[PDB]
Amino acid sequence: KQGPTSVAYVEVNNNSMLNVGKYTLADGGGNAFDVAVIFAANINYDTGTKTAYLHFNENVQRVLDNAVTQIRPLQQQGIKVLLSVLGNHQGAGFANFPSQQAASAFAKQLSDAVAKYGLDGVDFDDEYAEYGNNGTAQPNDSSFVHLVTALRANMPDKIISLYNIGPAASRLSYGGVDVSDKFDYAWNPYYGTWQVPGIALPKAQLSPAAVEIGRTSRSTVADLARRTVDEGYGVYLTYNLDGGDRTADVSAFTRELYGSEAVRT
């Protein structure tokens, strides 16, 4: 198995994390997917105390509580498992924590969950935060820097990634500190398109291609996988693998990334 790291996002409200493990390379026998992401936990906002807090809906909680059966098998098979976090429409986002302390306390919340559930990392998706809702503040220039810096420190050995989207994505440097090097991956959030993330990570850690399995055309899936290889990028983001027979969709990119079609079990 030689080739770009492929990622699979799974919407746990509707599908099992286990499906990520059913796809292997017909030739290699290796995993078709290298990283699986639990989509997604939330950053809620308590209007009473004006504080953000981490929240798991019952579906996310359910998979976490069943790590032995929902996550362990993936990890034993070699697949890393991250927990994605996104701001709801409550007004709290990754770019509007009022201070290092506010930012640091939430970082601690993320670490304690990773440690507790034995996850391999955290993924940031500043997509629907809706800054200003419920009296929250608009983005500032230090919130994200404080957040990431604190998170990297709490867990120096785990993966921290981010979708290249939203306010937070463009606020990577505050004062004289740039947190770009603190991330392990960055991916294009626009499915079915090619868009090189503007963040300073080496090509091996970037995913300009993004596809939605079962939605984006197979021809487009294959062209973006080929383009990833041609241009020398080392990551290929995939989104929304469900429980149906997606073998053709998967093969569309494994042929290009690893010169092998895929097989479902």
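A residue's number is simply how far along the shown sequence it sits, counting from 1.
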Between 185-193 and 114-122, which has the larger average Cα B-factor in the PDB entry?
114-122
Determine, for stretches 207-215 and 42-50, which one has the higher mean CA B-factor as deposited.
42-50
Select one of 220, 69, 240, 57: the residue whose C-alpha shows the highest B-factor in the crystal structure entry.
69
Per the entry's Cα B factor values, which of 92, 151, 86, 159 stands out as the maximum?
151
CA B-factor ranking of residue 199, expressed as a third of its chain:
highest
Can you tell me whether residue 131 has a C-alpha B-factor in the lowest, middle or highest third compared with the other modelled residues of the same chain?
lowest
Lowest, middle or highest third - CA B-factor, residue 2
highest
Assigned third (lowest, middle, highest) for the C-alpha B factor of residue 252:
lowest
Record-listed C-alpha B factor of residue 17: chain third
middle
